[PDB]
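S.K.: take these chains first, placed just as they are in the complex:
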Amino acid sequence: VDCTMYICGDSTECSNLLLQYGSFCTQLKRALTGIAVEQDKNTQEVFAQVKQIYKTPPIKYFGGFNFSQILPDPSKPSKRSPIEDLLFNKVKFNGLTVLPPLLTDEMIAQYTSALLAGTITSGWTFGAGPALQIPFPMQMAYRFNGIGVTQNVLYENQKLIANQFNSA
């Protein structure tokens, strides 16, 4: 908000009278500018949590499990996924102005798809260093160990577990 243009607004008898109040309008513009600079740091801290922009391999077959509804859609200008397309369809004046965000949401969708391909291809290794590939069934079996289940319970029930994931 332009303090002077909201208050006075064009007139000139009002600007000289408002000049008598000191730095009340400089403080308000500083306060609003700090807020706007904080909104970009919010988004940088949530989404730019990845060194490289990782890609999934073309074959796209992770021991079964089916991630097609959450991987990016190549037939789109925005390259969003099917669920990211569902989510985006559900949500000048007297000195007032709206600034645009630093990151487009194409860029945000590109950060999220890289976080997804890091996880589906390397498990948790890309979050601690270089991405180390591992087959998805074996990564799922490592995770079953982390909750205290023995890892043949996964390999002997792989198809059922993959069907339950797909239905959910």
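M.R.: Noted; the coordinates are in hand. Residues are numbered from 1 along each chain as shown, chains lettered A, B, ... in the order given.
S.K.: now for chain A: which helix has the highest residue count?
M.R.: When chain A is parsed with DSSP state H, its longest helix is helix A:24-47.
S.K.: list of residues touching stretch A:104-112?
M.R.: Outside stretch A:104-112, the residues that touch it by CB atoms under 8 Å, 6 or more residues apart in numbering are A:43, A:47, A:48, A:49, A:50, A:53, A:72, A:78, A:79, A:80, A:81, A:84. Using the backbone N, CA and C atoms, a C-beta is placed for each residue, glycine as well.
S.K.: so who does residue A:103 touch?
M.R.: Contacts for residue A:103 (CB under 8 Å, 6+ apart) come out as A:40, A:43, A:44, A:47.
S.K.: now it: how far from residue A:47?
M.R.: Going from residue A:103 to residue A:47 by CB to CB, to the nearest Å gives 8 Å.
S.K.: go on, residue A:35?
M.R.: Taken as CB to CB, the span from residue A:35 to residue A:47 is 19 Å.
S.K.: likewise residue A:95?
M.R.: Residue A:95 is 32 Å from residue A:47, where distance means CB to CB.
S.K.: neighbour-wise, which of the two wins?
M.R.: Between residue A:95 and residue A:47, residue A:47 has the larger neighbour count (other CB atoms under 10 Å), namely 17 against 14.
S.K.: measure the more buried one to residue A:55 for me?
M.R.: From residue A:47 to residue A:55 the distance is 17 Å (CB to CB).
S.K.: following sequence is chain B, add it:
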Amino acid sequence: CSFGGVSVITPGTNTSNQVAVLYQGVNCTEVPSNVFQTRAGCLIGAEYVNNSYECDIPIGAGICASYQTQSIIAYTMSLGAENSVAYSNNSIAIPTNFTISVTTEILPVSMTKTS
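M.R.: That brings us to chain B, laid onto the chains above:
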């Protein structure tokens, strides 16, 4: 009729005294070389290149500026490198060495007590 803020982009007076100017959300045909139209306004005094670097000075809507190519330039920031994991249904990568690293983290705990 048109109003908007004016911003000045500078590489720092310890580097140069050249400057670029952003007229915020103003159509670049009604401002009063390099005139460049952005989703964030009209930029004057920077040339638009086709490369893409890491962001230096944030302009907005995906556009950043830098003093590189000097002068001031515009472009679209870089999300990051490009790493391609050689994923397969029977391949694994295992580390053979390690590094010990140490980093810092700074946090404010207090401010000054005034009366």
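S.K.: please re-evaluate the contacts of stretch A:104-112 in the presence of chain B.
M.R.: Stretch A:104-112 is contacted by residues A:43, A:47-50, A:53, A:72, A:78-81, A:84, B:61-62, B:77, B:79 when judged by CB atoms under 8 Å, 6 or more residues apart in numbering or on different chains.
S.K.: just stretch A:141-159 next, same as before
M.R.: Identification of contacts with stretch A:141-159 by CB under 8 Å, 6+ apart yields A:63, A:64, A:123, A:134, A:137, A:140, A:161.
S.K.: same question for stretch B:90-107.
M.R.: A:132, A:133, A:134, A:135, A:138.
S.K.: 7 Å instead?
M.R.: The contact list for stretch B:90-107, computed with CB atoms under 7 Å, 6 or more residues apart in numbering or on different chains, reads A:132, A:133, A:134, A:135.
S.K.: which of the residues you listed tops the neighbour count?
M.R.: The most neighbours of any of the contacts of stretch B:90-107, using other CB atoms under 10 Å in any protein chain shown, belong to residue A:134, which has 22 neighbours.
S.K.: what distance separates the start and the end of stretch A:131-142?
M.R.: 16 Å (CA to CA, to the nearest Å).
S.K.: and the residue of chain A nearest chain B?
M.R.: residue A:52 (3.3 Å; CB to the nearest CB).
S.K.: what about that residue, how many residues nearby?
M.R.: With other CB under 10 Å as criterion, residue A:52 counts 18.
S.K.: if I look at it, how far off is residue A:134?
M.R.: Following CB to CB, the distance that separates residue A:52 from residue A:134 is 17 Å.
S.K.: what number of residues are in the vicinity of residue 85?
M.R.: Picking chain A for this. Neighbour count for residue A:85, taken as other CB under 10 Å: 12.
S.K.: nope, chain B
M.R.: Residue B:85 has 24 neighbouring residues, counting by other CB under 10 Å.
S.K.: go ahead and place chain C:
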Amino acid sequence: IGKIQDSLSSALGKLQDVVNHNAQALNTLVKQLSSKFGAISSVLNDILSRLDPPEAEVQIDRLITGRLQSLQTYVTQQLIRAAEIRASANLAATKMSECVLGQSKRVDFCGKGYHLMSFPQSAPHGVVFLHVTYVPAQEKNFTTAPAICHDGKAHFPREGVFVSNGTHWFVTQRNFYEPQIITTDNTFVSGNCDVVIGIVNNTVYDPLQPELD
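M.R.: Just below you will find chain C, in place on the chains above:
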């Protein structure tokens, strides 16, 4: 540790920022003692010298209202800035508990890598943590299998991964390459080898069987 000392001796912007903010507000408070707010001057010894008491009340009230407004704006913005310093100190108190008096498993809470240990250092109005982490390096690829079939049974590693250097099959631990012969001491058995997908055929060595004989 020798490089922290160079990089600092040659970065404390978050501590500088809170000092600057407070000074910029205290200066704005004093610089308001010289505005009229719609009066004849900014000095009470000038309204009490060229106005009679019935006329100086009206001019003193215009200053009182302005100065009260400015003081109360100062006091609101300090409450809002202190509520933010409070959350930072609450996070610092949790990091001192969880990274300095313990080893954390939370990812990216005590550095980037695998947390080993943390050291505190005092700063002007805050604290610096030095985080020591482990980072794996220099990876190779091998080929893997989920289980090994032998004598009609399926074997799984007790705490590792089965790997192959091209012709032979070993067990490693998952974060550091150190291959071992597959025996019945580092694997366990469950089931027959036709329900797992990806089983490979290989021999699992029994230590007693030869040694005894």
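S.K.: chain C added, so what about the contacts of stretch A:104-112 now?
M.R.: A:47, A:48, A:50, A:53, A:78, A:79, A:80, A:84, B:61, B:62, B:79.
S.K.: mind listing which of the residues you listed are in helices?
M.R.: A:47, A:84.
S.K.: are any of the contacts of stretch A:104-112 buried, and which?
M.R.: Listed as buried from the contacts of stretch A:104-112 are A:47, A:50, A:53, A:80, A:84, B:61, B:62, B:79; burial here means 16 or more other CB atoms under 10 Å in any protein chain shown.
S.K.: dump the contacts of stretch A:104-112 to TSV, plus distance to chain C.
M.R.: Output for these, formatted as TSV (distance: CB to the nearest CB, whole Å):
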residue	distance to chain C
A:47	14
A:48	13
A:50	12
A:53	18
A:78	29
A:79	27
A:80	27
A:84	24
B:61	26
B:62	25
B:79	18
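S.K.: tell me which two in the contacts of stretch A:104-112 are the farthest apart.
M.R.: Largest separation among the contacts of stretch A:104-112 by CB to CB: A:50 and B:61, giving 21.8 Å.
S.K.: near the closest residue to residue A:78 other than its chain neighbours, how many other residues are there?
M.R.: Using CB to CB, 6 or more residues apart in numbering or on different chains and skipping residues adjacent in sequence, the residue nearest residue A:78 is residue A:106, 5.8 Å away. Using other CB under 10 Å, residue A:106 has 13 other residues around it.
S.K.: go on, residue A:90?
M.R.: 5.
S.K.: and it, which of the three is it?
M.R.: What DSSP: H, G, I helix; E, B strand; the rest coil gives for residue A:90 is coil.
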